[PDB]
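Two forms, one chain: they're shown below as structure tokens, one block per form, named structure 1 and structure 2.
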Structure 1
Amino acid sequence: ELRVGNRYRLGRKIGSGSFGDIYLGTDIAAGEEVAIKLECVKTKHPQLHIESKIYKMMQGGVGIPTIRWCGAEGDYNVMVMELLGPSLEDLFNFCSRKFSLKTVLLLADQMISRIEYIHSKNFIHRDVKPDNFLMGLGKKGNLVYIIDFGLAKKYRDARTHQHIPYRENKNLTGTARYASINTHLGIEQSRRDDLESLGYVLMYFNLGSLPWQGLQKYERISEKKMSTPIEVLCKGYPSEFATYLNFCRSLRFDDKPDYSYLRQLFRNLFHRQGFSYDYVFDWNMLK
């Protein structure tokens, strides 16, 4: 019965982050559950405080989790955040690893907006993937949150807006399955690459699986990914998915994406399909 100082008592492991795991906590003062991350103070390169600072900078944005506390306690740096609902990977598995197009579109609208918002705060996420999007609880059950800023990087100076310099020979950060082509080529990640990754996430949700799943391991995914044309990958699915991916791959390193354009592609498709904008996801139809 490990206790994070007075305030919180730790519970089971619930998650796996880019640096360190996530535990269920109880706030003793509140009669309330929370999510807790721990870092040994002796860690060679501490990042827990650094990551909390990002969350705090972002606070108030739609779909950004709130940090309850960040501090040192005994031999650990601790981050406590508000508890959220399941990740989209978790939900994918409950929905037979296939989402309806309606669900995909409702998600793609929110997810594009979260990536826009982070970019508005001068950061890129760099690990866009299903596991890093979580649904809210209660009244926020309809809301998609983005999480985990452990691989996040500032892409421009906050005052001047000077963009980070172009570089090559970078080792890959984030999941290779959803990595952009340029990431596989060693190019420094920029705003383009968050969006491209999301496009593979979206097709992943459409397909159940990507062609580069389940095949030096890197060189293999990179090959298959570069060897599959977007036309091929998206075949049988509305052209918008391929238009999305093409647009992202066209963007130059420091280019600002047109987020509206990409949201509009999907809004218009949504309209042509006659779906209700009621935020009824596939998992809400489960019973």
Structure 2
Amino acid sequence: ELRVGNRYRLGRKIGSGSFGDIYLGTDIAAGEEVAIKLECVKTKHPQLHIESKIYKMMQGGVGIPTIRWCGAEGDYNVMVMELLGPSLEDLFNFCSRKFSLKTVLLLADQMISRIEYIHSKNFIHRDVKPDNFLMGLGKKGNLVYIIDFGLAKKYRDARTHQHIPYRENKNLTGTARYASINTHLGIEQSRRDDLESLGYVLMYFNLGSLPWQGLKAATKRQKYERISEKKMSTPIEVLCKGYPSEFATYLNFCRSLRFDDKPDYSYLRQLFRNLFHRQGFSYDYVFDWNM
């Protein structure tokens, strides 16, 4: 059988992320199913080792997947990770593409804390999207994980907390649908941009779709610019109309952060936490997919 690490049976391809493909694998020893990321070694700028080092720096964090093994075999760099449960996009589809307010708020609280944690380790994620959040397994089925550090970048020095300089003409990184407005404008990303993207993700869960989704386009350049210009032309107060004002406050707060500002994560969490209590929700972690 085809094995990597002389321990991991390789199975079918199950997705493609930053700079590499993801495969199902089986810990042929432990007997557990795993996820296996492969990067073709035939490149002048390999990334998987860099990503692995970011994960390993993160593993003191709640909701960061465990790395099981890192190595090079034949034509591929290999990173084996703990296999988690479905992505938030998967669960969104299981729930026919609408989440209740309570689920969105329960998710929002944990997703802000994952991003805060990454920032506390001097990195920005730069690919905040529903597919990059996965629920845990078993007694960790209530826990939201964040994955994929292939687009991550250090935003400050560990010692001085000197922020990376302000720069323009930086290329777009992750998905267009959730990119911050500044990212469309080619501005270097910082902490504010991870959080603004989360704001779009939350409104996506509330609405079923964002207003810059499904814009008719013949070529694929004209589909991106219609995303960019609909996102730039749709005020937050229009985007969040008919939803609790916290979501508009969240997005306005994130859009108004200065490039090098430290976000007040606690205030953002309390915004949603206080709304959670006003709606009379309880913390029983019964998400839409548990019903």
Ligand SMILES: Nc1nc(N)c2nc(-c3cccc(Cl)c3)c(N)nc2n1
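Structure 1 provides the reference sequence; residues are numbered from 1 along it. The term rigid core refers to the maximal set of C-alpha atoms that superpose within 1.5 Å between the two forms.
*Asks:* Only one of structures 1 and 2 is the form solved in complex with this ligand; identify it.
*Replies:* It is the first structure that is the form solved in complex with this ligand.
*Asks:* Kindly specify the one residue in 131, 73, 116, 82 whose Cα moves by 2 Å or more between structure 1 and structure 2, with superposition done on the rigid core.
*Replies:* Among the listed residues, the one whose C-alpha moves by 2 Å or more is 73.
*Asks:* Would you look up how far the C-alpha of residue 42 moves between structure 1 and structure 2 when the rigid core is overlaid, in angstrom?
*Replies:* Comparing the two forms, residue 42 shifts 2.1 Å at C-alpha.
*Asks:* Rigid core superposed: how many angstrom does the CA of residue 21 shift between structure 1 and structure 2?
*Replies:* Its alpha carbon moves by 1.5 Å.
*Asks:* Hey, core superposed, how many Å does residue 274 shift at the CA between structure 1 and structure 2?
*Replies:* On core superposition, this C-alpha lies 0.5 Å from its counterpart.
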